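So the protein sequences, as listed, match chains Ak, Ap, 3, Aj, Ag, Aq, Al, Ah, Am and Ar.
Position 423 (the first sequence) corresponds to 423 in the deposited numbering; numbering is contiguous.
Position 16 (the second sequence) corresponds to 16 in the deposited numbering; numbering is contiguous.
Position 43 (the third sequence) corresponds to 44 in the deposited numbering; numbering is contiguous.
Position 3 (the fourth sequence) corresponds to 3 in the deposited numbering; numbering is contiguous.
Position 7 (the fifth sequence) corresponds to 7 in the deposited numbering; numbering is contiguous.
Position 31 (the sixth sequence) corresponds to 31 in the deposited numbering; numbering is contiguous.
Position 142 (the seventh sequence) corresponds to 142 in the deposited numbering; numbering is contiguous.
Position 4 (the eighth sequence) corresponds to 4 in the deposited numbering; numbering is contiguous.
Position 246 (the ninth sequence) corresponds to 246 in the deposited numbering; numbering is contiguous.
Position 69 (the tenth sequence) corresponds to 79 in the deposited numbering; numbering is contiguous.
By construction, the Cβ of each residue, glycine as well, lies at the ideal position given by its N, Cα and C atoms.
Written below as structure tokens is the structure these notes are about.
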Amino acid sequence: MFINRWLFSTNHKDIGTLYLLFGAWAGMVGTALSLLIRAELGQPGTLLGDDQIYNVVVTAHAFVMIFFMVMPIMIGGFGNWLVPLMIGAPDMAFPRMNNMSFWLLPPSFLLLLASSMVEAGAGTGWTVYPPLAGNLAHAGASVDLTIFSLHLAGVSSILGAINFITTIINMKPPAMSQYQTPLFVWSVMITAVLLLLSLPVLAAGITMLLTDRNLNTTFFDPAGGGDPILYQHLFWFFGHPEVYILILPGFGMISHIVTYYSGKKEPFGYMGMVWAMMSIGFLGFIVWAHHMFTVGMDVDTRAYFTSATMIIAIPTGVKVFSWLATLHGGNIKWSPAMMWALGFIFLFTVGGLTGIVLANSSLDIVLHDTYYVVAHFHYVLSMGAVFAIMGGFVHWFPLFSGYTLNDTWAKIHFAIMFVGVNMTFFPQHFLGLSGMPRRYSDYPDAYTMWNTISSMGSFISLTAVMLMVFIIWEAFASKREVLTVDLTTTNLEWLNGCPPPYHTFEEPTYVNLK
Amino acid sequence: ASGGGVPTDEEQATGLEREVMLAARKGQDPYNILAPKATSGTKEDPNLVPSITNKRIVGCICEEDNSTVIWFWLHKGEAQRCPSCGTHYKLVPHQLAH
Amino acid sequence: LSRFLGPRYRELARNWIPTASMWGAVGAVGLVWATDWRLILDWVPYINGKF
Amino acid sequence: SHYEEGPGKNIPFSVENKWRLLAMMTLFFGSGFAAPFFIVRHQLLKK
Amino acid sequence: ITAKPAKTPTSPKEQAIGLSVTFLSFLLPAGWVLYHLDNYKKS
Amino acid sequence: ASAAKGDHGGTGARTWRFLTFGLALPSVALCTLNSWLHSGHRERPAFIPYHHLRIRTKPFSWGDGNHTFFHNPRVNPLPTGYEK
Amino acid sequence: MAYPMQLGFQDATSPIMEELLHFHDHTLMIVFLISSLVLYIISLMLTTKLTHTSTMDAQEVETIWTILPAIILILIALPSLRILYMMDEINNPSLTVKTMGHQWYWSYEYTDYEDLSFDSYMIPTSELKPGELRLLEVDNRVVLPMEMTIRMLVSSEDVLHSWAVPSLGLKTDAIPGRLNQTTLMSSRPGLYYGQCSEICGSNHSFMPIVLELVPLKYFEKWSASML
Amino acid sequence: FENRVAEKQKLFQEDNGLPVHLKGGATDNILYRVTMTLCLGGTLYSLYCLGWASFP
Amino acid sequence: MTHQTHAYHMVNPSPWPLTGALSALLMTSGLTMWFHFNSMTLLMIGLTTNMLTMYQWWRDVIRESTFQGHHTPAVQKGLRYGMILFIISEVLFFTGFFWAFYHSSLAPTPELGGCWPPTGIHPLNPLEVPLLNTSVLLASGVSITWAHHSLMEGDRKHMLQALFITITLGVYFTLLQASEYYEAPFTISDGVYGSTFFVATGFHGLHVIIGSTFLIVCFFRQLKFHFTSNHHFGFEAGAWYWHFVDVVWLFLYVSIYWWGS
Amino acid sequence: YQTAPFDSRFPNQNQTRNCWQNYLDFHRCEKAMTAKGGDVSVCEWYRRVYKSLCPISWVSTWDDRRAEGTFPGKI
Ligand code: HEA
Ligand code: HEA
Ligand SMILES: [Cu+2]
Ligand SMILES: [Cu+2]
Ligand SMILES: [Cu+2]
Ligand SMILES: [Mg+2]
Ligand SMILES: [Zn+2]
């Protein structure tokens, strides 16, 4: 019974719930790791020890938050939960395969946990670049385990990418065109395509790294004629699409949240919005090298990559401005989710603006490998991707559970986290302009002030993620059942009540062919 | 070349596959594979929404190029109208179900 | 000689295969048991008549 | 499908007793947050 | 979004309890390990 | 190096079966002969301890950890030199 | 070097670093414009009881907000690219120094004439003489002639490392088996600090760079007394 | 040859309230349990090895 | 409600995803044991449960489609998409390896002799067996097509005959390639040339074996009358995969065997 | 001679080949002036350049390779 339901599932709703549960827990581990990082940097000196134990921590932080919290939650959680409901499908195209996608995750996570236990773990950076990641500077099972964890996580994500594209394309009502599906669905259909094309190149890269250190190959070893830079190309070819794969579903949720709380029927410029994500997804494939400005490449190619990278601002701009245009004549409701949506719009703008700066190779020479880049991506990840997750979570919680959250508490939670993340990452812009490198367990005396303030902010964030856990408990402890939902005419996900039954759309949906 | 020996759908198709196969040749569509064609939608010529129960979700693409489908439950009883454009829809019992 | 060929004969051999194949396995293992064949006795955890 | 439906029934954990739940959530998120701390400890106690 | 009153309301005391517990479960284990860091760094 | 040839406008199974036995298979036969005629056994290459070859940064997970998988002693020397 | 409570870039010791400061100011001016524009529009949208929830025509305004960002990007791109080429410019150096990253120290090689080569290691915070910088002082500074175009060639003898010196606006990764080139040109004497800008193991944070720039005369006598 | 898909269609369409991976008999069941056993055991064995390798 | 009125397939709870996920764990960690603590027992168990899972998972799929009739037209169109997409991810997997190769051969490092093929490497002759392997794969392309056409025309014997010829050519290539490996005067350990060669041609080799067992499966399904002249996706896929395989070999031949040697 | 001058055939951030080429060139010229006499003329230029640009360790190992005859370049 429990087994059949929870271990042998073929239900998009239950698999989606299983994901959210996996993502939340992984989110705890990643938070703990981020605290050890700021604990180590909150006072001049060494708390843990050498850059090895420290960088092992920094590496797990990245893998956990990227592959185990953000991706599972947005794509597996919201993806599986909402997609079928938004297009009127009974389930997904491949219910069984969908389950394997999920179950591949816990093992993948185990391998990553195991890696930091055996030997001295993997202090290579999330980019696990060779020669440091090689069998000399990093002998032992650790890196190999890190590689296998990544293989599984990749197999999991492209299997799911296959499911979402097939479902989304093949399972909509016969009269509904693609230009009739909601932005969130488009958002995951496009993210699914990026995963399908980038993930395999990564697997090609790390498999080459695996043979280099166990089978005596020399793909990245100069001795045999290899090239450590070749790994950089392969990794980053996936590495960039990967960050868009991380923000796109967030773009979608934001479009849904802003529109709903503005009391609007639809988002402003729907086709412009579809065009924008498609452009973003595409340009995202031809700019990888901006991560290699100080590697010794030709000035000309270095010029190409700074330009190509900059044009991504245009489409992203039409999206920011569209969400604003959406708020326009709206009847605004200051709900928790709307608060998260507004924060995202601003904070993400700042963080992406800061990324345009780094787009310049000349300036990037002095900005690369410093805390400026740590600020850039935490703005777009800690107050971009994450803010979307929170807005979507508080907005759809009633649909998933049937129960409601205490809005006041939910608002307190935003206030605390908003202060925390800004205090944590704002100072870091300075540390980076002033020269503080990345991946250091200690720094010259001058960087003491900002690092201190920065670490204090991380404690406020800790407070907020603790409160959230409680906020979820209370919701489930009180049991206020949902009664009425607004704007369902334009929001299908809610039409079957909270929570929708195990089997929805048993009998299709009627859509006329005008 | 020359010869024979492989089964055909008409002779080897089973389950739901066969059901839609036959149903399809009689011109009927019990498993909603095709897009329902609209009527004039007037109070007197409502769109007839077949159903296997007493309510079915209707999605109304008000105007041809619309990107937003208006959704709502159509119940057993008097004809009902799309909230954004009138257009009558009336529930009807679903015949063929095997 | 061509008579052996036939639609039932294919099905027939298909049917008789388990019984006669079983005999070969029985005949083979039993023959190993009769000649007390060496190298397989290496592979048996129990019946090592060798010290 | 003998799968029960409705609030509190579409989840793999019991939500019927708020305090048993409290315990479970506490172990769940708790064990997740503590893991990194004990891993660092483990690495610090090796040689 | 409307909802029925809580089937099993959580009074302030009850909340104060769940909030305290939630905090301790996060702060204790970490605090302990962190409290003994030096002992580990010295074997 | 060709361009193309005999068009037979109607392609059914008979056409593909025709190409199989009238083109595909005959080629496999010719090339087989060709490769059976050019079967010149090259004398094992002169050994010279080049550093960019016979790489060994970690002993292989099998045997004496110094023997590559499809090791052919006749044409593959160990790092030290030819097997025997 | 960096001082306490610093906000922006370290003071430019060389001309391209000056050139960068000005470009950054330009770029930063724009990010301030846009980021404040967005914030104003947002607060504007959320401050009225007036509603208009019916349909709104897009596209029309959609050109303004697509052509504008396009013009602004050129305004940044142009200056950026110019400085970019200016860096990879045809110059003729009067000296060539090599540096080789190693797991936890850099070694320099001045070999145009004689085979001079030494190791540069960080001074343990324990053996620092008062007034010496905690994680930045090295035992053997890399001495070079001020006011002269030097050609640095960066490589490594093990894992990846990155040789950087912010005041001069330099940063070049050190990849084994590779010779990356960079032009150093200080326009003023002094001590200029930098640090390894690439994760390379346990002591990644403890393998600094200290440039000491004196006049040619003193440079050559130093060079000789060094062997 | 044969052609008895008709016999199997019937066997598998039989309303015995069995899941497809068991609808076919007793062997389905033994195969299932063997597979499940090996997987769980293996998983247990793997955890042991990791606990073992974690230590110097 | 109760009785569905959509043409889709609601698959029964299967333990297979869990079983295959556990399998991946066992094989990955098992490789880690083999590579480090010199043990294969774990790797052996993983390979085992894995075959078990694939057999059963695919057995059921056959049950649900051929015996139970759940593969309505809508369900099939979805399977087509899935296969295409899968083949795509594969095309991009091989792309990492051609990138690697071209990267190395177009800009040979001095440690190689500053040339390509590196000094000391004696490349195979494209005009010998590589040319043979090429013609074998290409012929199975025409024969698998003949098979497909017989099937649609209900010609049982011929489809079987063509599918058989196709399968043996695939095996012939496997053996031929196997011998080439054994006679090759270079190894995986011979620098970047050997790496580049053995892993690209090697992964492709693995794919020819994966494609051949697939066609074999198709062979038997046909012996058992599973396929109808009109519904045989299992074959369509096997066929698409098989072509992906010739094509990859054409690039290998031209790039590694001819150009880069 | 101050230091190796700018070389048009090696105009980018990567000088690896610059070092490599001149090391070859020198030793190739050397071998010729030897096996020809021609008053044992000498190609110093190449050595000045390669010594300036090539890190010691490379030159060393190459020399050793040339010693044991495992040097991969053709001289
Ligand atoms: C979801 C996460 C995310 C997102 C969306 C982005 C988006 C962008 N990032 Fe990225 N970035 C990261 C996460 C992300 N990044 C990470 C993880 C790293 C570090 C990885 C590592 O090396 O470890 C990184 C690193 C990184 C680098 C290299 C730094 C280095 O030297 O190491 C660069 C450089 O080009 C860069 C640029 C950009 C650009 C141009 C965008 C653009 O998408 C920004 C677009 C947004 C806007 C431009 C604002 C909105 C638009 C307007 C308001 C229009 C008007 C504005 C203008 C005309 C400018 N990023
Ligand atoms: C998803 C991406 C993500 C997120 C969200 C964060 C969040 C945090 N990270 Fe970051 N970090 C990275 C990804 C992420 N990080 C990456 C890729 C690197 C590069 C590593 C490398 O250099 O190799 C990095 C590097 C990095 C550094 C640089 C270390 C160095 O280079 O020396 C630092 C230091 O301050 C740091 C700190 C933090 C902090 C303080 C937080 C805090 O903001 C955390 C706040 C807590 C949360 C926001 C999580 C709460 C959310 C949930 C738990 C979801 C709950 C679930 C439900 C509601 C269902 N991170
Ligand atoms: Cu990028
Ligand atoms: Cu370093
Ligand atoms: Cu370093
Ligand atoms: Mg770097
Ligand atoms: Zn309507």
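{"Check": "Reference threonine 174 (chain Am), options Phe186 (chain Am), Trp34 (chain Am) and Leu206 (chain Am), closest by Cα", "Outcome": "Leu206 (chain Am)"}
{"Check": "Cross-chain neighbours of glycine 83 (chain Ar) in chain Am, by beta carbon under 8 angstroms", "Outcome": "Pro110, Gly113, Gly114 and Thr119"}
{"Check": "For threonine 66 (chain Am), the residue or residues it bridges with in DSSP", "Outcome": "In DSSP, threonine 66 (chain Am) forms no bridge with anything."}
{"Check": "Proximal residues of chain Ak, C-beta to C-beta of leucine 18 (chain Ah) below 8 angstroms", "Outcome": "Those within 8 angstroms of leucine 18 (chain Ah) in chain Ak number zero; the least Cβ separation is about 13 angstroms."}
{"Check": "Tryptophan 99 (chain Am), enclosing alpha helix (DSSP H) - first and last residue", "Outcome": "73–106"}
{"Check": "DSSP bridge partner residues for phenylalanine 72 (chain Ap) (one or two, in chain order)", "Outcome": "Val58 (chain Ap)"}
{"Check": "Cβ pair count under 8 angstroms reaching 3, the segment 5–21 of chain Al against the segment 56–63 of chain Al", "Outcome": "no"}
{"Check": "Inter-residue spacing [alpha-carbon to alpha-carbon] between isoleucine 66 (chain Ak) and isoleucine 42 (chain Al)", "Outcome": "30 angstroms"}
{"Check": "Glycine 263 (chain Ak) beta carbon less than 9 angstroms from that of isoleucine 332 (chain Ak)", "Outcome": "yes"}
{"Check": "Three CB pairs or more closer than 8 angstroms across the segment 69–89 of chain Al and the segment 15–33 of chain Al", "Outcome": "yes"}
{"Check": "7 angstroms CB neighbourhood of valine 129 (chain Am) in its chain, flanking five on each side removed", "Outcome": "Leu176 and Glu180"}
{"Check": "Pair within 9 angstroms by beta-carbon distance, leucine 168 (chain Al) and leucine 211 (chain Al)", "Outcome": "yes"}
{"Check": "Reduced DSSP secondary structure (H/G/I, E/B, other) of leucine 152 (chain Ak)", "Outcome": "helix"}
{"Check": "Interface residues of the segment 7–25 of chain Al facing chain Ak [CB-CB below 9 angstroms]", "Outcome": "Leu7, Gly8, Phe9, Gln10, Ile16, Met17, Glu19, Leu20, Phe23 and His24"}
{"Check": "heavy atom of ligand 3 below 8 angstroms from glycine 239 (chain Ak) C-beta", "Outcome": "yes"}
{"Check": "Within 8 angstroms of chain Al by C-beta, residues of the segment 46–75 of chain Ak in sequence order", "Outcome": "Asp50, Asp51, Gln52 and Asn55"}
{"Check": "Chain Ar within 9 angstroms of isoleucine 67 (chain Al), Cβ atoms only", "Outcome": "no"}
{"Check": "Option in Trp57 (chain Am), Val247 (chain Am) and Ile45 (chain Am) with minimal Cα separation from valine 20 (chain Ah)", "Outcome": "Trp57 (chain Am)"}
{"Check": "Interface flag, residue 9 (chain Ar) vs chain Am, CB-CB below 9 angstroms", "Outcome": "Shown here, chain Ar extends from 11 to 85; a query on residue 9 (chain Ar) therefore has no answer."}
{"Check": "Against chain Ar: residues of the segment 166–183 of chain Al by CB proximity under 8 angstroms", "Outcome": "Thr172, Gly177, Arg178, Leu179, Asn180, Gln181 and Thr182"}
{"Check": "Cutoff 9 angstroms: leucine 79 (chain Am) Cβ touching any chain Ah Cβ", "Outcome": "no"}
{"Check": "Close Cβ partners of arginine 58 (chain Ar) (< 8 angstroms) along its chain, the five nearest in sequence each way excluded", "Outcome": "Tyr11 and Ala14"}
{"Check": "Residues of the segment 463–480 of chain Ak whose Cβ lies closer than 7 angstroms to any Cβ of chain Ag, in chain order", "Outcome": "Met466, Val469, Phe470, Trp473, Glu474, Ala477, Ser478, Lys479 and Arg480"}
{"Check": "Where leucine 2 (chain 3) falls: helix, strand or coil (DSSP)", "Outcome": "coil"}
{"Check": "Coarse secondary structure for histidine 102 (chain Al), derived from DSSP in three states", "Outcome": "strand"}
{"Check": "Every unbroken alpha helix (DSSP H) within the segment 238–288 of chain Ak, with a cutoff of 4 residues, ordered by chain", "Outcome": "270–283"}
{"Check": "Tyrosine 257 (chain Am) versus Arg221 (chain Am), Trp240 (chain Am), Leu47 (chain Am) and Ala184 (chain Am), residue with shortest Cα-Cα distance", "Outcome": "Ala184 (chain Am)"}
{"Check": "Assigned secondary structure, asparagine 66 (chain Ap) (DSSP; H/G/I helix, E/B strand, else coil)", "Outcome": "coil"}
{"Check": "Bridge-paired residues (DSSP) for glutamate 109 (chain Al)", "Outcome": "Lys98 (chain Al) and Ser117 (chain Al)"}
{"Check": "Residue burial classification, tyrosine 47 (chain 3) (beta-carbon count within 10 angstroms, cutoff 16)", "Outcome": "exposed"}
{"Check": "Through-space distance from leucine 24 (chain Ag) to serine 23 (chain Am), alpha-carbon basis", "Outcome": "38 angstroms"}
{"Check": "Three or more C-beta pairs below 8 angstroms linking the segment 93–101 of chain Ak and the segment 10–30 of chain Am", "Outcome": "yes"}
{"Check": "Chain-ordered residues of the segment 40–61 of chain Ap with a beta carbon less than 9 angstroms from chain Ak", "Outcome": "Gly41, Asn47, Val49, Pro50, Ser51, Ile52, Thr53, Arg56, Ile57, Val58, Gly59, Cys60 and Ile61"}
{"Check": "Rounded separation between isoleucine 168 (chain Ak) and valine 75 (chain Am) - CA only", "Outcome": "13 angstroms"}
{"Check": "Unbroken beta strand (DSSP E) run spanning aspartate 173 (chain Al), endpoints", "Outcome": "170–174"}
{"Check": "Check: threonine 488 (chain Ak) C-beta below 8 angstroms from any heavy atom of ligand 7", "Outcome": "no"}
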